[PDB]
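# give me a 3D structure for the following:
(2 chains, ligands or ions: 2)
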Protein chains: 2
Amino acid sequence: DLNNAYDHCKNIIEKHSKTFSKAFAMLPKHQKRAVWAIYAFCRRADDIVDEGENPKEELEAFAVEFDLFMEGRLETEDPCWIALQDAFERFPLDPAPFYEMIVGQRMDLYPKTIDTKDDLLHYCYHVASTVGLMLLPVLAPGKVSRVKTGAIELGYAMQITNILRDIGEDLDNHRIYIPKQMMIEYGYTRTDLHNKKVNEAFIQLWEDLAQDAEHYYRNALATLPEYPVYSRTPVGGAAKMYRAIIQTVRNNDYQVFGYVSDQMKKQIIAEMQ
Amino acid sequence: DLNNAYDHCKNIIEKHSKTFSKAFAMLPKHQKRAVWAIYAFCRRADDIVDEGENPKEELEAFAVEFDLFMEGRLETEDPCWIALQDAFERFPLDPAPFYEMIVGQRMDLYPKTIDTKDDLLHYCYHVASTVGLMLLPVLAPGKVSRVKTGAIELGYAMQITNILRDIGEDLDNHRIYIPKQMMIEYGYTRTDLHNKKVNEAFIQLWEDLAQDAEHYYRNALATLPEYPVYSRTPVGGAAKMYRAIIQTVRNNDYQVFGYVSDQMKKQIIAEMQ
Ligand SMILES: CC(C)=CCC/C(C)=C/CSP(=O)(O)OP(=O)(O)O
Ligand SMILES: CC(C)=CCC/C(C)=C/CSP(=O)(O)OP(=O)(O)O
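Numbering: from 1, shown residues only, chains lettered A, B, ... in the order given. Ligands and ions are numbered 1, 2, ... in the order given. Sharing the structure here:
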């Protein structure tokens, strides 16, 4: 039934993102549950692409399930779809960012060809900004249009942050998200990258992106007063638990070729309060 | 002196390309020597990028030496520059493809962002077709304009062939030259590639490119009668020693994630005769 389907999504978010599970555990009941179901959609699609053996076939099957879902023709025992069906019935969730997140995950089926910062922002929009857009009707009922730009920019901030701390892990998987034109601009070579070398050129490039992320975090945090009261600490705390990674990397001399404990998360959420 | 400078380039080509050294050892003396010096220019630039510790600094220094060379202001003991200076003084070598090869090697200082076949041909033009263009005044004196298109296409054929047999070695070095749009077209995923998997999608993609290479080889070989007699077996034999790789790969079930012995080279050159 519905309560058990959502409970399955609660376990998914608690297992895969203590950051978001702690942040949004404070939301009122039905909005909290919707967040769980929306997270589960994003987590399933991302896990298919990043950890599936036949990711393209499995993502096509997931996309077809979402097609059936949107036509009201999905018969399933999947708790994530059962919960999401209620969330869409209960709140004016917009299907567009759900479709666009699948487009983003399609991007990650193939090797990267990120040339410019605009290419990078296009990627971040589809795999991260869309998450913000999916959530907005439940985080800010009736106020979506006012907080929308900040939610897109929070997606940019968080995904740029992920990229900046995942350079080595991504490289090991033959994924490169650093824009080629920025490597040319700063003189950071593919051989430097392959050798996992931190040098002056790397630090200049890394700081360029990190300063853009910091700009986007500031813009997003400035919109917190426009959310309803129960979403302000959840959204601001989630933002600040991601942003914390940047100063840690700096304090680690930019060694990102290999960040926030649960107590540290609790501290960040209380500080935000 | 000049004889020793060229002899140093003879040793370079004999050490790094038994294919080209055997092919062009049949050329008349002064044209043979020019080929050695031209090869040495290409080999030095490629070795800087592919095996140098600080490739960008070393390629900038090489480019500055070529700037001085072209102004007649290079004072050097480098036998490769001494030999090339005579080749430029002796034959109407065109500086343009030498500059363009340096542009191509600059491309390989950074990770690849090859999206389309046209992107791939652009790369092959600058790192391979340019070699053909550098050589044409010594392989076909007075007849450069007639054989030029075939020489560009031979560059495409040879470099596509290199890419098709180097997929694994390039992947290990975080280089991907397969066009992303072709991976999408045939359904060959980044995870497949990372896993070094040969599947139906890979074979379709590989054959698509191999058939383009075979087309370019046929066009190039059709121009052999327009070369002077002493270049026909050298150029045709070099072409056929590279082309041989394609059928071997097919006979090896497309296993290119890890080709022509010296006797096999001698056999191909005699067959071409
Ligand atoms: C609360 C609002 C409006 C936005 C916060 C949530 C958001 C943009 C999540 C996307 S971060 P992302 O990188 O896509 O997801 P993970 O890699 O952390 O799993
Ligand atoms: C004889 C003519 C006109 C063209 C033949 C030479 C040519 C196009 C050589 C370039 S092959 P390329 O891949 O650039 O060089 P290597 O990787 O084999 O060292």
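# and stretch A:172-188, does that touch ligand 1?
No - taking Cβ under 6 Å from any ligand atom as the criterion, stretch A:172-188 and ligand 1 are apart, separated by no less than 11.6 Å. To be clear about C-beta, it is placed using only N, CA and C from the backbone, and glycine gets the same treatment.
# tell me the buried residues in that stretch?
By neighbour count with 16 or more other Cβ atoms under 10 Å in any protein chain shown, stretch A:172-188 contains the buried residues A:174-183, A:186-188.
# identify, from the residues you listed, the entry nearest to residue A:143.
Among the buried residues of stretch A:172-188, residue A:177 lies closest to residue A:143 (Cβ to Cβ), at 32.3 Å.
# nearest residue to the closest one in space, please, no chain neighbours.
residue A:163 (4.6 Å; Cβ to Cβ, 6 or more residues apart in numbering or on different chains).
# what about the one you found, how many neighbours?
Residue A:163: 21 surrounding residues under other Cβ atoms under 10 Å in any protein chain shown.
# can you pull the contacts of it?
Applying Cβ atoms under 8 Å, 6 or more residues apart in numbering or on different chains, one finds that residue A:163 lies in contact with A:120, A:170, A:177-178, A:209.
# contact partners for residue A:40?
Contacts of residue A:40 by Cβ under 8 Å, 6+ apart are A:9, A:12-13, A:80, A:83-84.
# what helix or strand does it sit in?
Using DSSP states H and E, residue A:40 sits in helix A:29-51.
# how far away is the residue nearest the centre of chain A from ligand 2?
Centroid-nearest residue in chain A, with Cα atoms, centre = their mean: residue A:128, separated by 4.1 Å. Between residue A:128 and ligand 2 the computed distance is 40 Å (Cβ to the nearest ligand atom, to the nearest Å).
# before we move on, back to that, ok, which pair from the contacts of residue A:40 is furthest apart?
Among the contacts of residue A:40, A:13 and A:84 lie farthest apart (Cβ to Cβ), at 13.0 Å.
# from the middle of its chain, how far away would the helix holding residue A:40 be?
11 Å (Cα atoms, centre = their mean, to the nearest Å).
# briefly note if the helix or strand following it comes near chain B.
Per DSSP H and E, the first helix or strand lying C-terminal to helix A:29-51 is helix A:55-71. Yes - using Cβ under 8 Å from any Cβ of the partner chain, helix A:55-71 reaches chain B at A:55-56.
# got a list of contacts for helix A:55-71?
A:44-45, A:48-49, A:52, A:74, A:76, A:78, A:81, A:84-85, A:95, A:98-99, A:102, A:105-106, A:109, B:187, B:189, B:191.
# out of those, which are buried?
Buried among those by 16+ other Cβ under 10 Å: A:44-45, A:48-49, A:52, A:74, A:78, A:81, A:84-85, A:98, A:102, A:105-106, A:109, B:187, B:189, B:191.
# mind listing which of these are in helices?
In helices, defined here by DSSP state H, the members of the buried ones among the contacts of helix A:55-71 are A:44-45, A:48-49, A:81, A:84-85, A:98, A:102, A:105-106, B:191.
# ok, now which ones touch whichever residue of the stretch 101-250 of chain A sits closest to chain B?
Closest residue of the stretch 101-250 of chain A to chain B, Cβ to the nearest Cβ: residue A:113 (4.0 Å). Going by Cβ under 8 Å, 6+ apart, residue A:113 touches A:119, B:112-115, B:180.
# which residue sits closest to it, ignoring its sequence neighbours?
residue B:113 (4.0 Å).
# ligand 1 contacts on the stretch 51-200 of chain A?
By Cβ under 6 Å from any ligand atom, the residues of the stretch 51-200 of chain A that approach ligand 1 are A:127-128, A:131-132, A:135, A:139, A:151, A:154-155, A:158-159, A:162.
# run the last query once more with 5 Å
A:128, A:131-132, A:151, A:154-155, A:158-159, A:162 (Cβ under 5 Å from any ligand atom).
# and these, which two are the farthest apart?
A:151 and A:162 (16.6 Å).
# who's more crowded, those two?
residue A:151 (24 against 17).
# name the nearest residue to the more buried one, ignoring sequence neighbours.
Residue A:151 sits nearest to residue A:132 (Cβ to Cβ, 6+ apart), 3.5 Å away.
# for stretch A:105-123, the distance to its chain's centre please.
For stretch A:105-123 - counting by Cα atoms, centre = their mean - the centre lies 15 Å from the chain centre.
# and that stretch, end to end?
End-to-end distance of stretch A:105-123: 9 Å, with Cα to Cα, to the nearest Å as the criterion.
# from the chain's centroid, how far away is the stretch of helix or strand residue A:163 belongs to?
Following DSSP H and E, the helix or strand that holds residue A:163 is helix A:144-165. Relative to the chain's own centre, helix A:144-165 is displaced by 8 Å; criterion: Cα atoms, centre = their mean.
# repeat for stretch A:192-212
Centroid displacement of stretch A:192-212 relative to its chain, using Cα atoms, centre = their mean, is 22 Å.
# return the set of buried residues in that stretch.
Under the neighbour-count criterion of 16+ other Cβ under 10 Å, stretch A:192-212 has A:192-193, A:198, A:201-203, A:205-207, A:209-210, A:212 buried.
# do the same with stretch A:162-171
By neighbour count with 16+ other Cβ under 10 Å, stretch A:162-171 contains the buried residues A:162-167, A:170-171.
# from the buried residues of stretch A:192-212, which single one is nearest residue B:217?
residue A:193 (34.5 Å).
# may I ask which helix or strand encompasses residue A:257?
Counting by DSSP H and E, residue A:257 is part of no helix or strand.
# secondary structure element for the nearest residue to it once chain neighbours are set aside?
In this structure, residue A:257 finds its nearest non-sequential neighbour in residue A:168, 3.1 Å apart by Cβ to Cβ, 6+ apart. Using DSSP H and E, residue A:168 falls within helix A:167-172.
# what residues does that helix touch?
Here helix A:167-172 makes contact (Cβ under 8 Å, 6+ apart) with A:163, A:176-178, A:193-194, A:196, A:256-258, B:174.
# identify, from those, the entry nearest to ligand 1.
residue A:163 (9.0 Å; Cβ to the nearest ligand atom).
# tally of neighbours for residue A:14?
14.
# surely it and residue A:24 touch.
No - judged on Cβ atoms under 8 Å, residue A:14 makes no contact with residue A:24 at a distance of 10.8 Å.
# you'd agree residue A:264 is up against residue A:245?
No - with contact defined as Cβ under 8 Å, residue A:264 does not reach residue A:245; the gap is 11.0 Å.
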